[PDB]
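As provided, work_7.cif (mmCIF, C-alpha atoms and all ligand atoms) reads as follows.
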data_target
#
loop_
_atom_site.group_PDB
_atom_site.id
_atom_site.type_symbol
_atom_site.label_atom_id
_atom_site.label_comp_id
_atom_site.auth_asym_id
_atom_site.auth_seq_id
_atom_site.Cartn_x
_atom_site.Cartn_y
_atom_site.Cartn_z
ATOM 1 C CA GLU A 1 13.592 -2.910 18.959
ATOM 2 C CA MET A 2 13.241 -3.759 15.209
ATOM 3 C CA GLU A 3 16.528 -2.050 14.037
ATOM 4 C CA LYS A 4 18.462 -4.599 16.181
ATOM 5 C CA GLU A 5 16.109 -7.462 15.111
ATOM 6 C CA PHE A 6 16.771 -6.370 11.435
ATOM 7 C CA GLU A 7 20.599 -6.673 11.829
ATOM 8 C CA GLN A 8 20.185 -10.096 13.614
ATOM 9 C CA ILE A 9 17.998 -11.661 10.842
ATOM 10 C CA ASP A 10 20.116 -9.920 8.141
ATOM 11 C CA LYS A 11 23.578 -10.920 9.555
ATOM 12 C CA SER A 12 22.219 -14.502 10.196
ATOM 13 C CA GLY A 13 20.329 -14.433 6.779
ATOM 14 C CA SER A 14 17.176 -15.868 8.555
ATOM 15 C CA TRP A 15 14.598 -13.940 6.350
ATOM 16 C CA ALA A 16 13.220 -17.130 4.679
ATOM 17 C CA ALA A 17 12.883 -18.692 8.197
ATOM 18 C CA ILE A 18 11.064 -15.677 9.836
ATOM 19 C CA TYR A 19 8.806 -15.622 6.718
ATOM 20 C CA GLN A 20 7.958 -19.382 7.121
ATOM 21 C CA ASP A 21 6.972 -18.894 10.829
ATOM 22 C CA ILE A 22 4.554 -16.092 9.722
ATOM 23 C CA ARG A 23 3.128 -18.417 7.001
ATOM 24 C CA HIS A 24 2.579 -21.217 9.615
ATOM 25 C CA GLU A 25 1.072 -18.846 12.303
ATOM 26 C CA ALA A 26 -1.322 -17.090 9.829
ATOM 27 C CA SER A 27 -5.132 -17.399 10.202
ATOM 28 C CA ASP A 28 -7.255 -19.490 7.835
ATOM 29 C CA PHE A 29 -10.941 -18.638 7.442
ATOM 30 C CA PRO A 30 -13.540 -19.840 4.988
ATOM 31 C CA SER A 31 -13.701 -18.263 1.470
ATOM 32 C CA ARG A 32 -16.943 -20.015 0.328
ATOM 33 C CA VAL A 33 -18.399 -17.091 -1.658
ATOM 34 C CA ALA A 34 -15.117 -16.647 -3.669
ATOM 35 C CA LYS A 35 -15.167 -20.392 -4.707
ATOM 36 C CA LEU A 36 -18.799 -20.387 -6.041
ATOM 37 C CA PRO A 37 -18.659 -21.368 -9.746
ATOM 38 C CA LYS A 38 -20.640 -18.203 -10.757
ATOM 39 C CA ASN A 39 -17.673 -16.149 -9.323
ATOM 40 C CA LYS A 40 -14.909 -18.060 -11.222
ATOM 41 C CA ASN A 41 -14.485 -15.198 -13.784
ATOM 42 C CA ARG A 42 -14.463 -12.510 -10.967
ATOM 43 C CA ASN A 43 -11.079 -13.823 -9.622
ATOM 44 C CA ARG A 44 -7.715 -13.098 -11.290
ATOM 45 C CA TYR A 45 -5.912 -15.947 -9.366
ATOM 46 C CA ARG A 46 -7.733 -19.085 -8.088
ATOM 47 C CA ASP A 47 -5.342 -19.285 -5.037
ATOM 48 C CA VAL A 48 -6.147 -15.634 -3.881
ATOM 49 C CA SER A 49 -9.583 -15.273 -2.290
ATOM 50 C CA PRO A 50 -11.113 -12.897 0.237
ATOM 51 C CA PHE A 51 -12.344 -14.493 3.494
ATOM 52 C CA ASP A 52 -16.163 -14.461 3.768
ATOM 53 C CA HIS A 53 -16.031 -12.556 7.110
ATOM 54 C CA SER A 54 -14.087 -9.490 5.776
ATOM 55 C CA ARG A 55 -15.108 -9.470 2.068
ATOM 56 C CA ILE A 56 -16.563 -6.259 0.528
ATOM 57 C CA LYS A 57 -20.117 -6.770 -0.721
ATOM 58 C CA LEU A 58 -21.401 -4.904 -3.775
ATOM 59 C CA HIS A 59 -24.963 -3.426 -3.277
ATOM 60 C CA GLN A 60 -26.369 -5.176 -6.456
ATOM 61 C CA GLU A 61 -29.042 -7.906 -5.822
ATOM 62 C CA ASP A 62 -27.807 -10.155 -8.677
ATOM 63 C CA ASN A 63 -24.204 -10.975 -7.514
ATOM 64 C CA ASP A 64 -22.610 -9.046 -4.590
ATOM 65 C CA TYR A 65 -19.115 -10.561 -5.106
ATOM 66 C CA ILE A 66 -15.803 -8.718 -5.703
ATOM 67 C CA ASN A 67 -12.334 -9.938 -4.792
ATOM 68 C CA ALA A 68 -11.769 -7.293 -2.103
ATOM 69 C CA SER A 69 -11.209 -7.368 1.696
ATOM 70 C CA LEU A 70 -11.711 -4.719 4.435
ATOM 71 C CA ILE A 71 -8.618 -4.579 6.718
ATOM 72 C CA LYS A 72 -9.664 -2.878 10.010
ATOM 73 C CA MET A 73 -6.688 -1.878 12.223
ATOM 74 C CA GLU A 74 -8.581 -0.948 15.449
ATOM 75 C CA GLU A 75 -5.651 0.461 17.534
ATOM 76 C CA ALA A 76 -4.335 2.563 14.577
ATOM 77 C CA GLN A 77 -7.874 3.789 13.566
ATOM 78 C CA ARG A 78 -6.958 2.906 9.935
ATOM 79 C CA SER A 79 -9.088 0.926 7.443
ATOM 80 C CA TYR A 80 -8.002 -0.240 3.952
ATOM 81 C CA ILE A 81 -9.750 -2.116 1.156
ATOM 82 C CA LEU A 82 -7.245 -4.444 -0.536
ATOM 83 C CA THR A 83 -8.374 -5.764 -3.930
ATOM 84 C CA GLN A 84 -6.936 -7.398 -7.051
ATOM 85 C CA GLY A 85 -6.148 -5.418 -10.188
ATOM 86 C CA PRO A 86 -9.528 -5.324 -11.979
ATOM 87 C CA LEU A 87 -10.269 -7.698 -14.842
ATOM 88 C CA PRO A 88 -11.838 -6.565 -18.150
ATOM 89 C CA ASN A 89 -15.231 -7.809 -16.865
ATOM 90 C CA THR A 90 -14.847 -6.346 -13.276
ATOM 91 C CA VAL A 91 -13.839 -2.695 -14.072
ATOM 92 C CA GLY A 92 -17.476 -1.624 -13.499
ATOM 93 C CA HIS A 93 -17.652 -3.577 -10.189
ATOM 94 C CA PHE A 94 -14.389 -1.935 -9.052
ATOM 95 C CA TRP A 95 -15.813 1.586 -9.559
ATOM 96 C CA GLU A 96 -19.171 0.559 -7.974
ATOM 97 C CA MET A 97 -17.177 -0.533 -4.863
ATOM 98 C CA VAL A 98 -15.299 2.845 -4.814
ATOM 99 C CA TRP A 99 -18.666 4.662 -5.044
ATOM 100 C CA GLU A 100 -20.478 2.486 -2.397
ATOM 101 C CA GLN A 101 -17.596 2.579 0.181
ATOM 102 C CA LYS A 102 -17.130 6.437 -0.203
ATOM 103 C CA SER A 103 -13.400 6.001 -0.841
ATOM 104 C CA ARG A 104 -11.444 9.224 -1.651
ATOM 105 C CA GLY A 105 -8.244 7.519 -2.946
ATOM 106 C CA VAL A 106 -7.139 4.568 -5.108
ATOM 107 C CA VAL A 107 -3.526 3.400 -4.627
ATOM 108 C CA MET A 108 -2.117 1.335 -7.563
ATOM 109 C CA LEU A 109 1.298 -0.303 -6.984
ATOM 110 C CA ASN A 110 1.726 -2.120 -10.367
ATOM 111 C CA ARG A 111 2.060 -1.231 -14.092
ATOM 112 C CA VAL A 112 -0.679 -2.483 -16.442
ATOM 113 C CA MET A 113 1.964 -4.608 -18.171
ATOM 114 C CA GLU A 114 4.782 -6.315 -16.267
ATOM 115 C CA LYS A 115 7.019 -9.209 -17.460
ATOM 116 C CA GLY A 116 5.250 -8.946 -20.878
ATOM 117 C CA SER A 117 1.757 -9.914 -19.465
ATOM 118 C CA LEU A 118 -1.269 -7.800 -18.422
ATOM 119 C CA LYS A 119 -1.381 -7.482 -14.577
ATOM 120 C CA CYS A 120 -4.493 -5.253 -14.611
ATOM 121 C CA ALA A 121 -7.154 -3.815 -16.981
ATOM 122 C CA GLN A 122 -6.752 -0.139 -18.005
ATOM 123 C CA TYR A 123 -9.596 1.011 -15.673
ATOM 124 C CA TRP A 124 -9.155 4.830 -15.910
ATOM 125 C CA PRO A 125 -9.264 7.231 -18.916
ATOM 126 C CA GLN A 126 -5.965 8.204 -20.602
ATOM 127 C CA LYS A 127 -7.202 11.584 -21.929
ATOM 128 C CA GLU A 128 -9.455 14.363 -20.580
ATOM 129 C CA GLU A 129 -11.749 14.317 -23.645
ATOM 130 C CA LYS A 130 -12.248 10.461 -23.716
ATOM 131 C CA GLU A 131 -14.324 9.602 -20.620
ATOM 132 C CA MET A 132 -15.270 5.964 -19.742
ATOM 133 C CA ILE A 133 -18.849 4.775 -19.170
ATOM 134 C CA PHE A 134 -19.505 1.504 -17.236
ATOM 135 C CA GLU A 135 -22.947 0.501 -18.564
ATOM 136 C CA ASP A 136 -23.278 -2.477 -16.148
ATOM 137 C CA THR A 137 -22.934 -0.200 -13.040
ATOM 138 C CA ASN A 138 -24.170 3.142 -14.478
ATOM 139 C CA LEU A 139 -21.026 5.178 -13.656
ATOM 140 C CA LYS A 140 -19.061 7.688 -15.702
ATOM 141 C CA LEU A 141 -15.376 8.394 -15.069
ATOM 142 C CA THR A 142 -13.463 11.442 -16.379
ATOM 143 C CA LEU A 143 -9.771 12.310 -16.156
ATOM 144 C CA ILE A 144 -9.598 15.914 -14.756
ATOM 145 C CA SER A 145 -5.791 16.249 -14.414
ATOM 146 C CA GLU A 146 -2.642 14.143 -14.324
ATOM 147 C CA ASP A 147 0.637 15.073 -12.575
ATOM 148 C CA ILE A 148 3.476 12.733 -13.762
ATOM 149 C CA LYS A 149 6.616 12.556 -11.557
ATOM 150 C CA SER A 150 9.701 10.334 -11.702
ATOM 151 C CA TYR A 151 8.476 7.588 -9.263
ATOM 152 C CA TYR A 152 4.641 8.107 -9.298
ATOM 153 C CA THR A 153 1.696 9.769 -11.045
ATOM 154 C CA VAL A 154 -1.308 11.400 -9.305
ATOM 155 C CA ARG A 155 -4.502 11.738 -11.259
ATOM 156 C CA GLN A 156 -7.668 13.664 -10.285
ATOM 157 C CA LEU A 157 -10.759 11.761 -11.535
ATOM 158 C CA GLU A 158 -14.421 12.650 -11.442
ATOM 159 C CA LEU A 159 -16.751 9.710 -10.806
ATOM 160 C CA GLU A 160 -20.403 10.364 -11.608
ATOM 161 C CA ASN A 161 -23.323 8.200 -10.570
ATOM 162 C CA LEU A 162 -25.454 8.395 -13.760
ATOM 163 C CA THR A 163 -28.489 7.128 -11.697
ATOM 164 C CA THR A 164 -28.490 10.125 -9.241
ATOM 165 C CA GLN A 165 -26.180 12.580 -11.122
ATOM 166 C CA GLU A 166 -24.003 12.935 -7.946
ATOM 167 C CA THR A 167 -20.247 13.387 -8.647
ATOM 168 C CA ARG A 168 -17.181 12.814 -6.461
ATOM 169 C CA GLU A 169 -13.552 13.604 -6.933
ATOM 170 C CA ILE A 170 -11.306 10.499 -6.645
ATOM 171 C CA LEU A 171 -7.506 10.709 -6.351
ATOM 172 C CA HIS A 172 -5.529 7.967 -8.182
ATOM 173 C CA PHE A 173 -2.036 7.438 -6.742
ATOM 174 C CA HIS A 174 -0.015 5.307 -9.145
ATOM 175 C CA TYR A 175 3.423 4.105 -8.006
ATOM 176 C CA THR A 176 5.093 3.416 -11.388
ATOM 177 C CA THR A 177 8.685 2.296 -10.501
ATOM 178 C CA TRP A 178 8.340 -0.935 -8.531
ATOM 179 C CA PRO A 179 10.765 -3.267 -10.402
ATOM 180 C CA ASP A 180 9.435 -6.320 -12.418
ATOM 181 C CA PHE A 181 11.562 -8.565 -10.074
ATOM 182 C CA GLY A 182 12.411 -8.131 -6.392
ATOM 183 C CA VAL A 183 11.855 -4.936 -4.364
ATOM 184 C CA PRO A 184 13.233 -1.373 -4.633
ATOM 185 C CA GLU A 185 16.911 -1.045 -3.475
ATOM 186 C CA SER A 186 16.017 1.906 -1.181
ATOM 187 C CA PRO A 187 12.607 2.601 0.464
ATOM 188 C CA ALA A 188 12.977 6.402 -0.034
ATOM 189 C CA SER A 189 10.661 6.834 -3.059
ATOM 190 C CA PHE A 190 8.062 4.402 -1.571
ATOM 191 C CA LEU A 191 8.022 6.461 1.734
ATOM 192 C CA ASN A 192 7.744 9.714 -0.278
ATOM 193 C CA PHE A 193 4.760 8.116 -2.097
ATOM 194 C CA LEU A 194 3.153 6.938 1.200
ATOM 195 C CA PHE A 195 3.546 10.506 2.707
ATOM 196 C CA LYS A 196 1.918 11.921 -0.436
ATOM 197 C CA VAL A 197 -1.114 9.618 -0.030
ATOM 198 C CA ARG A 198 -1.338 10.623 3.684
ATOM 199 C CA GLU A 199 -1.103 14.362 2.827
ATOM 200 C CA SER A 200 -4.060 14.056 0.385
ATOM 201 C CA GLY A 201 -6.499 13.146 3.195
ATOM 202 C CA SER A 202 -7.263 9.793 1.436
ATOM 203 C CA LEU A 203 -6.341 7.772 4.634
ATOM 204 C CA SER A 204 -8.408 9.973 6.964
ATOM 205 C CA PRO A 205 -11.481 8.778 8.924
ATOM 206 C CA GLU A 206 -13.691 11.485 7.298
ATOM 207 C CA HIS A 207 -13.614 9.295 4.123
ATOM 208 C CA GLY A 208 -14.351 5.665 3.325
ATOM 209 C CA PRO A 209 -11.367 3.340 3.277
ATOM 210 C CA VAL A 210 -8.659 3.826 0.685
ATOM 211 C CA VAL A 211 -8.662 1.142 -2.094
ATOM 212 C CA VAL A 212 -5.173 -0.390 -2.491
ATOM 213 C CA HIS A 213 -4.272 -2.872 -5.277
ATOM 214 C CA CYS A 214 -1.399 -4.508 -7.126
ATOM 215 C CA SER A 215 -2.079 -7.592 -9.349
ATOM 216 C CA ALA A 216 -3.289 -10.011 -6.598
ATOM 217 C CA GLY A 217 -3.800 -7.386 -3.831
ATOM 218 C CA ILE A 218 -1.556 -9.190 -1.264
ATOM 219 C CA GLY A 219 2.163 -8.494 -1.950
ATOM 220 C CA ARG A 220 3.023 -4.867 -2.723
ATOM 221 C CA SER A 221 -0.467 -3.872 -1.378
ATOM 222 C CA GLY A 222 0.484 -5.638 1.878
ATOM 223 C CA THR A 223 3.785 -3.695 2.140
ATOM 224 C CA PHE A 224 1.856 -0.394 1.721
ATOM 225 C CA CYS A 225 -0.684 -1.038 4.564
ATOM 226 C CA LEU A 226 1.896 -2.689 6.873
ATOM 227 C CA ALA A 227 4.270 0.343 6.641
ATOM 228 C CA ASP A 228 1.440 2.892 7.087
ATOM 229 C CA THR A 229 -0.071 1.072 10.148
ATOM 230 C CA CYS A 230 3.364 0.454 11.836
ATOM 231 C CA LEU A 231 4.438 4.138 11.476
ATOM 232 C CA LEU A 232 1.039 5.380 12.800
ATOM 233 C CA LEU A 233 1.306 3.041 15.864
ATOM 234 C CA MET A 234 4.801 4.525 16.579
ATOM 235 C CA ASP A 235 3.153 8.020 16.784
ATOM 236 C CA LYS A 236 0.362 6.748 19.057
ATOM 237 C CA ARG A 237 2.181 4.530 21.626
ATOM 238 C CA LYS A 238 4.021 5.716 24.789
ATOM 239 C CA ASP A 239 6.856 3.312 23.789
ATOM 240 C CA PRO A 240 7.417 3.361 19.975
ATOM 241 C CA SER A 241 9.692 0.234 20.132
ATOM 242 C CA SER A 242 6.754 -1.881 21.511
ATOM 243 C CA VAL A 243 5.666 -2.020 17.784
ATOM 244 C CA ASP A 244 6.301 -5.589 16.505
ATOM 245 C CA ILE A 245 5.971 -5.731 12.642
ATOM 246 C CA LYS A 246 5.401 -9.539 12.774
ATOM 247 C CA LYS A 247 2.439 -9.094 15.175
ATOM 248 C CA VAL A 248 0.955 -6.306 13.021
ATOM 249 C CA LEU A 249 1.330 -8.481 9.864
ATOM 250 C CA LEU A 250 -0.397 -11.435 11.619
ATOM 251 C CA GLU A 251 -3.298 -9.146 12.726
ATOM 252 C CA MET A 252 -3.649 -7.903 9.091
ATOM 253 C CA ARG A 253 -3.605 -11.551 7.810
ATOM 254 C CA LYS A 254 -6.832 -12.190 9.813
ATOM 255 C CA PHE A 255 -8.542 -9.976 7.183
ATOM 256 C CA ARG A 256 -6.878 -11.096 3.918
ATOM 257 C CA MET A 257 -4.657 -14.124 3.188
ATOM 258 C CA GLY A 258 -1.070 -13.968 1.984
ATOM 259 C CA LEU A 259 -0.265 -10.328 2.730
ATOM 260 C CA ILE A 260 3.521 -9.993 1.976
ATOM 261 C CA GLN A 261 4.304 -12.690 -0.632
ATOM 262 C CA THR A 262 8.107 -13.123 -0.232
ATOM 263 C CA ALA A 263 10.874 -12.877 2.393
ATOM 264 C CA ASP A 264 12.213 -9.972 0.275
ATOM 265 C CA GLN A 265 8.919 -8.037 0.696
ATOM 266 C CA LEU A 266 9.152 -8.736 4.506
ATOM 267 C CA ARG A 267 12.757 -7.382 4.630
ATOM 268 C CA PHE A 268 11.678 -4.340 2.525
ATOM 269 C CA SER A 269 8.742 -3.692 4.989
ATOM 270 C CA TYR A 270 11.202 -3.631 7.966
ATOM 271 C CA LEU A 271 13.534 -1.260 6.009
ATOM 272 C CA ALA A 272 10.613 1.052 5.062
ATOM 273 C CA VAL A 273 9.356 1.211 8.696
ATOM 274 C CA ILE A 274 12.924 1.640 10.143
ATOM 275 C CA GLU A 275 13.665 4.459 7.637
ATOM 276 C CA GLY A 276 10.205 6.021 8.009
ATOM 277 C CA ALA A 277 10.691 6.127 11.850
ATOM 278 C CA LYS A 278 13.632 8.620 11.305
ATOM 279 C CA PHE A 279 11.232 11.109 9.525
ATOM 280 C CA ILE A 280 8.688 10.544 12.432
ATOM 281 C CA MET A 281 11.079 10.962 15.497
HETATM 282 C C1 LIG B 301 -13.423 -17.550 -17.545
HETATM 283 N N1 LIG B 301 -12.643 -18.294 -16.559
HETATM 284 N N2 LIG B 301 -12.823 -19.634 -16.321
HETATM 285 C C2 LIG B 301 -11.953 -20.004 -15.371
HETATM 286 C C3 LIG B 301 -11.229 -18.879 -15.009
HETATM 287 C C4 LIG B 301 -11.684 -17.836 -15.779
HETATM 288 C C5 LIG B 301 -11.175 -16.403 -15.710
HETATM 289 O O1 LIG B 301 -11.622 -15.590 -16.457
HETATM 290 N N3 LIG B 301 -10.161 -16.049 -14.723
HETATM 291 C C6 LIG B 301 -9.664 -14.684 -14.611
HETATM 292 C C7 LIG B 301 -8.828 -14.177 -15.788
HETATM 293 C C8 LIG B 301 -9.332 -13.906 -17.107
HETATM 294 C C9 LIG B 301 -8.211 -13.376 -17.975
HETATM 295 C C10 LIG B 301 -6.990 -13.299 -17.218
HETATM 296 S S1 LIG B 301 -7.240 -13.792 -15.699
#

Would you encode the structure as structure tokens?
Ligand SMILES: Cn1nccc1C(=O)NCc1cccs1
Amino acid sequence: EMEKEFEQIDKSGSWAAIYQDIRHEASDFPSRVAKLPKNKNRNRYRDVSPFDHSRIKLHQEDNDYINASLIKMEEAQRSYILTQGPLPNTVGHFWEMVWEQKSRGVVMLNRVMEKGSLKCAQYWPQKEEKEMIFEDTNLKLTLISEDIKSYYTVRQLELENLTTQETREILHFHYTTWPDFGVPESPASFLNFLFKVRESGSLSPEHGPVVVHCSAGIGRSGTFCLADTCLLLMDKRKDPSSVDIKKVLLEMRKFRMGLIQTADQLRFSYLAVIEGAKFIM
């Protein structure tokens, strides 16, 4: 059981060592499409690429590329799209992907500015009466409502396909309090946030996969999916303590490289799952 494993690694301070074994065991697949020179300005970080086998393809004939990966967790019946924070020139691609994949929710785990640099383009409208048009992908986006709480903001958005005049409601879940450095002290507000996304229906098989992003789409985004999948497997299995976080992380790393960036994020993922298990048992 992971509670005992947590105390062991913690008391022995072996987090950097566990983390290195995961790094060495992790899959490596080709990322040829990401490295094409025509896609250079579609990537925020040159060292963070989707694998060709799991990459999301845009349905535009010109260039189908976006830095986004489909993570398919077969046993848990959960899918997620993990992507980078959009760039100024990829905001239209981002919303085209949301439209094409029939996603109901967008989960954002970063602020637009952190450590005095831009981590993400401002890709949603700030006021009801100032809608955004993406001319390149023929989509209109309107802020319908905004509910600001202490740790997170939920926004209702209307996305309209200008080509067909269909409209969908998208929920934007914005976790606003992840610190500039390190991880939250307690996983309580992160768990609260995860239960709010679950309650919305955004993670349900009726809809396309939820879109999850931070700046690179591997660190905080990784923590989100890892905690959700681990807690769901504890509901589903005859023996809840058969759930090995390290195994789940390695299975997720077959779909996108680098998920969980630091030993601190690994420790925080254990803590979130251990604490979340109390609300689930
Ligand atoms: C145009 N270009 N040549 C090489 C790399 C790039 C590029 O645009 N990379 C992504 C980012 C743009 C601004 C912040 S990050």

In terms of the shortest atom-to-atom distance over only C-alpha atoms, which of A:212, A:98, A:260, A:197 is closest to residue 159 in chain A?
A:98

Dump the neighbourhood of ligand LIG 301 (chain B) as JSON, numbers by chain: all residues within 6 Å, distances computed on all atoms listed in the file.
{"A": [40, 41, 43, 44]}

Tell me which protein, DNA and RNA residues are within 9 Å of residue 107 in chain A, counting only C-alpha atoms, leaving out same-chain ones fewer than 2 positions away, and put them as an mmCIF file with C-alpha atoms, in the frame of the given file.
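What landed in out11.cif:
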data_model
loop_
_atom_site.group_PDB
_atom_site.id
_atom_site.type_symbol
_atom_site.label_atom_id
_atom_site.label_comp_id
_atom_site.auth_asym_id
_atom_site.auth_seq_id
_atom_site.Cartn_x
_atom_site.Cartn_y
_atom_site.Cartn_z
ATOM 1 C CA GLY A 105 -8.244 7.519 -2.946
ATOM 2 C CA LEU A 109 1.298 -0.303 -6.984
ATOM 3 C CA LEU A 171 -7.506 10.709 -6.351
ATOM 4 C CA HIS A 172 -5.529 7.967 -8.182
ATOM 5 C CA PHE A 173 -2.036 7.438 -6.742
ATOM 6 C CA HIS A 174 -0.015 5.307 -9.145
ATOM 7 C CA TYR A 175 3.423 4.105 -8.006
ATOM 8 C CA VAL A 197 -1.114 9.618 -0.030
ATOM 9 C CA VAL A 210 -8.659 3.826 0.685
ATOM 10 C CA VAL A 211 -8.662 1.142 -2.094
ATOM 11 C CA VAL A 212 -5.173 -0.390 -2.491
ATOM 12 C CA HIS A 213 -4.272 -2.872 -5.277
ATOM 13 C CA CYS A 214 -1.399 -4.508 -7.126
ATOM 14 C CA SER A 221 -0.467 -3.872 -1.378
#

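One finds CA of residue 218 in chain A at 6.9 Å from CA of residue 261 in chain A.
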
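Separating CA of residue 233 in chain A from CA of residue 76 in chain A is a distance of 5.8 Å.
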
Could you state which residues are captured by the PyMOL selection byres (((chain A and resi 29-31) around 6) and not hetatm) in this file, as a ChimeraX atom specification?
/A:28,32-34,51-52

Quick one: everything within 12 Å of residue 102 in chain A, counting only C-alpha atoms, minus sequence neighbours fewer than 2 positions away in the same chain. Send it as a VMD selection string.
chain A and resid 81 95 to 100 104 to 106 159 167 to 170 202 to 211

Quick one: residues within 10 Å of range 182-196 of chain A, only C-alpha atoms, excluding same-chain residues fewer than 3 positions away - as JSON, numbers by chain?
{"A": [107, 109, 150, 151, 152, 153, 154, 173, 174, 175, 177, 178, 179, 199, 200, 201, 202, 220, 223, 224, 225, 227, 228, 262, 264, 265, 267, 268, 269, 270, 271, 272, 273, 274, 275, 276, 279]}

Please work out which residues fall within 9 Å of (-2.4, 1.1, 9.6), coordinates as given in the file, with only C-alpha atoms counting, and return them as a PyMOL selection string.
chain A and resi 71-80+225-233+248

Can I get the selection written as a CSV table (one decimal), in the frame of the given file, with C-alpha atoms?
chain,number,residue,atom,x,y,z
A,71,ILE,CA,-8.6,-4.6,6.7
A,72,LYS,CA,-9.7,-2.9,10.0
A,73,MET,CA,-6.7,-1.9,12.2
A,74,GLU,CA,-8.6,-0.9,15.4
A,75,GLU,CA,-5.7,0.5,17.5
A,76,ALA,CA,-4.3,2.6,14.6
A,77,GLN,CA,-7.9,3.8,13.6
A,78,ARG,CA,-7.0,2.9,9.9
A,79,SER,CA,-9.1,0.9,7.4
A,80,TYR,CA,-8.0,-0.2,4.0
A,225,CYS,CA,-0.7,-1.0,4.6
A,226,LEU,CA,1.9,-2.7,6.9
A,227,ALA,CA,4.3,0.3,6.6
A,228,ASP,CA,1.4,2.9,7.1
A,229,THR,CA,-0.1,1.1,10.1
A,230,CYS,CA,3.4,0.5,11.8
A,231,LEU,CA,4.4,4.1,11.5
A,232,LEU,CA,1.0,5.4,12.8
A,233,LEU,CA,1.3,3.0,15.9
A,248,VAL,CA,1.0,-6.3,13.0

Got a sec to resolve the PyMOL selection byres (((chain A and resi 121-125) around 12) and not hetatm) on this structure and send the residues as a PDB file with C-alpha atoms, keeping the file's coordinate frame?
ATOM      1  CA  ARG A  44      -7.715 -13.098 -11.290  1.00  0.00           C
ATOM      2  CA  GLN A  84      -6.936  -7.398  -7.051  1.00  0.00           C
ATOM      3  CA  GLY A  85      -6.148  -5.418 -10.188  1.00  0.00           C
ATOM      4  CA  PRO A  86      -9.528  -5.324 -11.979  1.00  0.00           C
ATOM      5  CA  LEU A  87     -10.269  -7.698 -14.842  1.00  0.00           C
ATOM      6  CA  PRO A  88     -11.838  -6.565 -18.150  1.00  0.00           C
ATOM      7  CA  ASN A  89     -15.231  -7.809 -16.865  1.00  0.00           C
ATOM      8  CA  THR A  90     -14.847  -6.346 -13.276  1.00  0.00           C
ATOM      9  CA  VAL A  91     -13.839  -2.695 -14.072  1.00  0.00           C
ATOM     10  CA  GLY A  92     -17.476  -1.624 -13.499  1.00  0.00           C
ATOM     11  CA  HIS A  93     -17.652  -3.577 -10.189  1.00  0.00           C
ATOM     12  CA  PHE A  94     -14.389  -1.935  -9.052  1.00  0.00           C
ATOM     13  CA  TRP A  95     -15.813   1.586  -9.559  1.00  0.00           C
ATOM     14  CA  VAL A 106      -7.139   4.568  -5.108  1.00  0.00           C
ATOM     15  CA  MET A 108      -2.117   1.335  -7.563  1.00  0.00           C
ATOM     16  CA  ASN A 110       1.726  -2.120 -10.367  1.00  0.00           C
ATOM     17  CA  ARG A 111       2.060  -1.231 -14.092  1.00  0.00           C
ATOM     18  CA  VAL A 112      -0.679  -2.483 -16.442  1.00  0.00           C
ATOM     19  CA  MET A 113       1.964  -4.608 -18.171  1.00  0.00           C
ATOM     20  CA  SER A 117       1.757  -9.914 -19.465  1.00  0.00           C
ATOM     21  CA  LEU A 118      -1.269  -7.800 -18.422  1.00  0.00           C
ATOM     22  CA  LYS A 119      -1.381  -7.482 -14.577  1.00  0.00           C
ATOM     23  CA  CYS A 120      -4.493  -5.253 -14.611  1.00  0.00           C
ATOM     24  CA  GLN A 126      -5.965   8.204 -20.602  1.00  0.00           C
ATOM     25  CA  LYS A 127      -7.202  11.584 -21.929  1.00  0.00           C
ATOM     26  CA  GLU A 128      -9.455  14.363 -20.580  1.00  0.00           C
ATOM     27  CA  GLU A 129     -11.749  14.317 -23.645  1.00  0.00           C
ATOM     28  CA  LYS A 130     -12.248  10.461 -23.716  1.00  0.00           C
ATOM     29  CA  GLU A 131     -14.324   9.602 -20.620  1.00  0.00           C
ATOM     30  CA  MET A 132     -15.270   5.964 -19.742  1.00  0.00           C
ATOM     31  CA  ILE A 133     -18.849   4.775 -19.170  1.00  0.00           C
ATOM     32  CA  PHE A 134     -19.505   1.504 -17.236  1.00  0.00           C
ATOM     33  CA  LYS A 140     -19.061   7.688 -15.702  1.00  0.00           C
ATOM     34  CA  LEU A 141     -15.376   8.394 -15.069  1.00  0.00           C
ATOM     35  CA  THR A 142     -13.463  11.442 -16.379  1.00  0.00           C
ATOM     36  CA  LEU A 143      -9.771  12.310 -16.156  1.00  0.00           C
ATOM     37  CA  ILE A 144      -9.598  15.914 -14.756  1.00  0.00           C
ATOM     38  CA  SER A 145      -5.791  16.249 -14.414  1.00  0.00           C
ATOM     39  CA  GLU A 146      -2.642  14.143 -14.324  1.00  0.00           C
ATOM     40  CA  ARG A 155      -4.502  11.738 -11.259  1.00  0.00           C
ATOM     41  CA  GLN A 156      -7.668  13.664 -10.285  1.00  0.00           C
ATOM     42  CA  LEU A 157     -10.759  11.761 -11.535  1.00  0.00           C
ATOM     43  CA  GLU A 158     -14.421  12.650 -11.442  1.00  0.00           C
ATOM     44  CA  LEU A 159     -16.751   9.710 -10.806  1.00  0.00           C
ATOM     45  CA  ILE A 170     -11.306  10.499  -6.645  1.00  0.00           C
ATOM     46  CA  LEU A 171      -7.506  10.709  -6.351  1.00  0.00           C
ATOM     47  CA  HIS A 172      -5.529   7.967  -8.182  1.00  0.00           C
ATOM     48  CA  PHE A 173      -2.036   7.438  -6.742  1.00  0.00           C
ATOM     49  CA  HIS A 174      -0.015   5.307  -9.145  1.00  0.00           C
ATOM     50  CA  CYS A 214      -1.399  -4.508  -7.126  1.00  0.00           C
ATOM     51  CA  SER A 215      -2.079  -7.592  -9.349  1.00  0.00           C
TER      52      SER A 215
END

For the file shown, report as a list in words the outcome of the PyMOL selection byres (((chain A and resi 62) around 12) and not hetatm) at residue level.
residues 38, 39, 57, 58, 59, 60, 61, 63, 64, 65, 136 and 137 of chain A
